[PDB]
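Breakdown of the fold
Here is how the chains run, residue by residue.
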Number of protein chains: 4
Amino acid sequence: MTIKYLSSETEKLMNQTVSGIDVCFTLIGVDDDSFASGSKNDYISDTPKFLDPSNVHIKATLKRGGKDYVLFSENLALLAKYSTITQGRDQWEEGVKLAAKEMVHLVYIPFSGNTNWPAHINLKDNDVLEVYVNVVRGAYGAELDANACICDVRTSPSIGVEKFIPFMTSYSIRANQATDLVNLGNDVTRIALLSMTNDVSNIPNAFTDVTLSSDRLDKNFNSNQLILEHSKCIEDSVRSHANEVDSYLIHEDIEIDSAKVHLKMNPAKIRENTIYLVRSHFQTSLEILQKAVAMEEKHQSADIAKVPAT
Amino acid sequence: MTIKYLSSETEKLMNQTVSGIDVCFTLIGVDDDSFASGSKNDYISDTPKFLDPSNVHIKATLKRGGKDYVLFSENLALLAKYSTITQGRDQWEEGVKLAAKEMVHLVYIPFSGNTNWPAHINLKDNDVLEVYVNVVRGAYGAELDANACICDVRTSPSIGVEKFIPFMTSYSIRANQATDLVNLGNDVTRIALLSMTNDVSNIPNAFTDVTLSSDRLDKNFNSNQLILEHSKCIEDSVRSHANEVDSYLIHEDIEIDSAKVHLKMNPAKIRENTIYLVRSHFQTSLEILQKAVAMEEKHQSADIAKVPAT
Amino acid sequence: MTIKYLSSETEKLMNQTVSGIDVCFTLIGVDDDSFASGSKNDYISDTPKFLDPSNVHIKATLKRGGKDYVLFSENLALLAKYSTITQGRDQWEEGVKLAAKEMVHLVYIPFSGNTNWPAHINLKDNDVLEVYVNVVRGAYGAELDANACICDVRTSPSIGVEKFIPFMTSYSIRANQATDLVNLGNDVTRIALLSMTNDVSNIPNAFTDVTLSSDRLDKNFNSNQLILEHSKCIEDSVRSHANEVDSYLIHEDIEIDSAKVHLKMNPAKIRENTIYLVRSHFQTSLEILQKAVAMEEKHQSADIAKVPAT
Amino acid sequence: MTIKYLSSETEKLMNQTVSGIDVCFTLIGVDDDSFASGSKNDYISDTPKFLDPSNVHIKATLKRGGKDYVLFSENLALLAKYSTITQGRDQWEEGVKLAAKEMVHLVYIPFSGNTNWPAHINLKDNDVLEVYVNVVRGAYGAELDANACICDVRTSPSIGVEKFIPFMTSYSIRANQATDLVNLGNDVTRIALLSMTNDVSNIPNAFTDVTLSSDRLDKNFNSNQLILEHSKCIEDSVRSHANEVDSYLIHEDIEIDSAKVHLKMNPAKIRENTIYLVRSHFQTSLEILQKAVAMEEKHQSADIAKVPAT
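Residue indices run from 1 on each chain, following the sequence as it is written; they may not match the entry's numbering, and residues absent from the coordinates are omitted. All chains are assigned letters beginning at A, and all ligands numbers beginning at 1, according to the order in which they are written. What is shown is a subset of a larger assembly, and the numbers refer only to that subset. Computation of side-chain values: all heavy atoms of the structure, hydrogens and water removed.

Determination of this PDB entry was carried out by cryo-EM to a resolution of 4.0 Å, according to the record.

Dropping the structure here:
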């Protein structure tokens, strides 16, 4: 699809094995000095010279069996940081040149979030997947133009062995909080601590305790131990693939959780710049498990039937 | 009744067919220049000069069959905005002159909240409607004196063909919350989005995506589409009858609902000047349906038997 | 029909389904500076320039089944205020221009008076609805010519499923009464308090208690509670649509009534310049109900018959 | 959805309960001094500054049992006036500001046209609603840009108890016609007389004889009686909620009729800047009634099913 600036458009999917949503951009400069440098993404204000990804609110929803289910609580900057916590930083935050006045920005946003462990939403005769995208004022700023173009859903191969329905949501802690116990959902599977600024040289100065409590695990975190704990999913020699005031916690089916964030001080930012909490839970059911068994048996019988001999 | 400043008062109704609560006022100014302007109601602070209804805490309840049913969760400003989103706006926002130092303020708060479609609480020999009104510190201010008088509950005709018991409550979304998947009640029938602020001219600036998901309907709401939807219930040519950041969603028997409200940012106010989500649900039962059918048969047998000829 | 000044005219209607009476005017001024301002309709005295509708005596009567029934106790100003207590005030009280000398006036006077809930007089082979209208001395005053043209009775669709015979009458309280218990008829259904003067700016100064009692309901009215109770019919933010010393009490078939009007003081005006209690009752019976049910079944049988397929 | 300039887009709905079509707009001014003044809608020419909504075509069609049913004869200015003869007029004719260069325009167009009493098109396993919208040359003009947007069709609650498929059509009387007999359809239920100009101070001058002849009624209309007649659906004190050269006739199941419009002279405008006769008839059948009765018994059975106790 393509959406104008100051515009909204839906999207419907009837029979697909859908996983992951592309977001492409296409920025058009006014003069050559508007792209003499790289298009560093503004978030708040005070350098509104380029893209501002906060002002797109992608909602996904599933109509399934006469009911509704909600995905993607509507912030493209949150989905950009959460997808590119182990990706990005060249093809999204600083973009790819193509011409003298053309530069793009690209993210793959999977439904589970994890690039190496995806979900695959199946579809049938009466269910439908609906993707609703808004573009509002202040999405491109000064040096960009109102002839930008965006992109749409990507599909996936028939890995529709789907167990579940991957939910994804935020918490958005306030300005000068000192301690906040953030109770989270049932089956949470992944927890991430995202920040969208680096006001000074790359020193965190934000966290001083993090307590993840469950039935399956306790994990207590010093600020230095967070800097280590972000560096388990990256096997590059560099410790981070995003802005170095963040942290990250991948798991496998936590059954209950409370994430206590024990902040430092006023360098926890103000005016919604500050650190957001993003969790990616799911729901599942017996009939989806039975359709998973039926789909695996149909593909298995097809593969056994389609091999002759020799 | 009349209730003094810094005082309590309760109320019991034993045999009525009751619908709605009057709230009157009587402001006695210290000097004429206190009424040189109108008596426009302050809400937060910084001009404690006229009536503030954020301090009056009406709590109603129904003692019925030895159980209890709590009504009207305690804010006169909440009930005044929710009732008079389509009514009022002059005899509550401004006042009605009576003398140089006398001006009143008047609202009718029906139990369903809809003045065009009310409910009618029937009573019997044992059940009792217990209404309770407080007036607490800091509700009149600097220009006014401590000799005001407020009012009481109004009745209704024998339209006690009643099907249900209408409850009414709020949610009061957070300070700088950007997204909230608000779960709502079972059978909700009326949903309103209230707001009590204008920092700038009459531009919404707060709502940017509203999703009303239910069993019998799904409606997605763009920020312009809210301004349309509020203009359906008012057949006047003006687009609103309240402070113009509100919106209003009247319905009929929603089976279950998740209303996902997605705000923009920090222009959603903090410190209780923020957006209030108000719903008016109900309970019902088979024996209350039997009382409705039997009462209609009593009235219809009366109107047949009481008409002679010519 | 049309009636000259200092004249009279009768009217008969034999086979219609009739609901209400139109009254129009056509004022032709003497000079343009007479209508330099709008024709503010004078009532009392002392500025006898423009139209005075106090001097038109519309009497309706229903010759039905060999019997007579008297309707509309003869004041066009009373029927204008009582009908257009929520209507009018621009096409009646202020007029609509057509030329430099031509300005018209308009009211619609339904039989029940409630424009959204009317009554529809049916007719048969022998009965006849008669309308007798006088126009007497002093109907136009100084700045108007003697050549106005008025209107006649309107009709209605066959929604003559008629349940009753709607009557309407007035009281005309005395000069400086302080307390008047006005006992009323059997089945009254609508009560209003009109007033035809405003001595000062819009301050009521006329009412300190109104007591209404029945078998069916029971209401007590403080001076402020009258201003609230008037505002349950008008969805506009402004509290009233007339001289702002009025009030209005609409119901559903009050079974018996006494209305104790308890006035403030001497500003209850003298010499018919005063507060008029106006009610709109009816009389019904069994054979009228039998005509109603048989008419509903014939219309329903026709509507079922005339819808073939597809 | 959105539709670009010189563009066209359809829309298919398969299983809903659909009623009413939103139309939103978004106007982007070149400089701030364009929207320094209000975006008043042009109609013909010679100041094509803002939105000219006589060019947008909206056609609705209903595929049902392999057949076709055509709705909405392709004119936005027709549907805007016929919707906003008692609604709108501020969020459509005057616009609502969102920014210094951004103003919107809103109408709700229900399928009956009466916002207070709509029909509700149901849908099942084979039928489909197809809304086809065109936007053509010369719709925005001088003081705007080529980057505007629209909105989509709204849904409805399950009031799909539908008795009838509503049709809607216009007549478009000539440039200097003065006498016309317009034979209407079978069952018409709503008749309106629109006018889309104001040449001088808003003296009506347009109609002088409207003769409505039907089965259930036979009404005549002088030009004064029309200005009365439009003031029966409004209960504001102002006599009209449109541009005051119109008139209006809402009804209930006129069995067959012909309306005879008799214009005066020269003030019957030319170039189709003139009076349009618009009616909103319907077609229905026995099997649609059978699905209506079966649907009402379904929802009644569910409402008695889910009422537990107490």
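Now that the structure is up, let's keep going.
Attention shifts here to the relation of the copies chain C and chain B. The fitting set for superposing the copies is their C-alpha atoms, and the method is least squares. When chain C is fitted onto chain B, the two copies agree to an RMSD of 0.5 Å after a turn of 119° and an axial shift of 0.1 Å. This pairing of chains is accounted for by a three-fold axis. Nearest to the rotation axis, the C-alpha of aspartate 236 of chain C is located 4.3 Å from it, this being the minimum over chain C. When checking whether two residues touch, look at their non-hydrogen atoms; a contact exists if any pair is within 4.5 Å. Looking at the interface residues of chain C, only 7% of them are also at the interface in chain B, so each copy uses its own face.

The subject of this paragraph is helix α1 (residues 76-83) of chain A. All names here are of chain A. Think of it in three bands: residues with accessible area under 20% of the maximum for their type are buried, residues over 50% are exposed, and the middle band is partly exposed, with areas taken using a 1.4 Å probe on protein chains only. For helices the rule is a DSSP run of H or I covering at least 4 residues; for strands it is a run of E covering at least 2, with both sets numbered from the N terminus onward. Of all eight residues making up α1, eight are buried, and the element is well covered by its neighbours. Of the residues making up α1, those classed as buried are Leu76, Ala77, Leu78, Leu79, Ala80, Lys81, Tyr82 and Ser83. Its buried side turned inward, α1 meets β3 (18-28), β7 (102-109), β11 (169-170), β13 (190-194) and β18 (276-279).

In this section: the relation of the copies chain B and chain D. Structural alignment of chain B on chain D gives an RMSD of 0.4 Å, achieved by rotating through 121° and translating 0.1 Å along the axis. When the interface residues of chain B are mapped onto chain D, a mere 7% of them again fall at the interface, so the copies present different faces.

Before going further, it helps to examine the pairing of strand β18 (residues 258-263) of chain C. All names here are of chain C. Residues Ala259, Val261 and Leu263 of β18 are buried on one face, while the alternating residues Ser258, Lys260 and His262, pointing to the opposite face, are not. By this definition, two strands are paired if DSSP reports at least two bridges between them. Pairing between strand β15 (residues 207-213) and β18: six bridges, direction antiparallel. Across the sheet, residue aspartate 209 finds its bridge partner in β18, namely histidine 262.

Here the focus is the sheet that holds β11 of chain A. Residues and elements named next belong to chain A. A sheet is described by the order of its strands in space; here four strands give the open sequence β11-β18-β13-β16, paired in antiparallel fashion. The two strands at the open ends of the sheet, each matched to only one other strand, are β11 and β16 (247-250). Across four bridges, the pairing between β13 and β18 is antiparallel. The residue bridging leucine 193 from the neighbouring strand is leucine 277, located in β18. Fitted lines through C-alpha atoms give the axes, limited to the stretch in contact for helices. The angle between two N-to-C directions lies from 0 to 180 degrees. This element, α1, spans β11, β13 and β18 of the sheet and lies at about 115° to β13.

Let us look at the pairing of strand β2 (residues 17-23) of chain B. All names here are of chain B. The buried fraction of β2 is high, at seven of seven residues. Bridge analysis of β2 against strand β9 (residues 121-122) gives two bridges, and the strand direction is antiparallel. The residue bridging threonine 17 from the neighbouring strand is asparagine 122, located in β9. Bridge count for β2 against strand β11 (residues 153-155) is two bridges, and the pairing is antiparallel. The residue bridging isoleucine 21 from the neighbouring strand is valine 153, located in β11. Sheet topology note: the β2/strand β8 (residues 107-109) ladder contains three bridges and is antiparallel. By the bridge assignment for β8, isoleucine 21 is matched with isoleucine 109.

Buried residues belonging to helix α1 (residues 76-83) of chain C abut β4 (21-28), β5 (56-64), β8 (102-109), β12 (169-170), β14 (190-194) and β19 (276-279) of chain C. In protein, a polar contact requires one atom able to donate a hydrogen and another able to accept it; more generally it is a pair of N or O atoms within 3.5 Å, and residues adjacent in sequence count only if both atoms are side-chain atoms. Where α1 of chain C begins, one side-chain oxygen reaches toward the backbone nitrogen of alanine 77 of chain C, 3.3 Å away; that side chain belongs to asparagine 75 of chain C.

Once that is clear, we can look at the state of the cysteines. The disulfide criterion used throughout: a pair of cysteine sulfur atoms within 2.5 Å. All told, the structure shown has four disulfides over all chains when counted by the stated rule. The disulfide partner of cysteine 24 of chain A is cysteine 151 of chain A, and the S-S distance across this bridge is 2.0 Å. Between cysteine 24 of chain A and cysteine 151 of chain A, the S-S dihedral sits near 80°, and the bridge is therefore right-handed. Here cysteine 24 of chain A, found in strand β3, pairs with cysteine 151 of chain A, found in the loop between β8 (128-135) and β9 (153-155); they are 127 residues apart in sequence, far enough to count as distant. Overall, the relative accessible area of 11% leaves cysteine 24 of chain A in the buried class. Unpaired in this structure, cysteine 233 of chain C has its nearest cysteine sulfur neighbour in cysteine 233 of chain D, at a distance of 18 Å.

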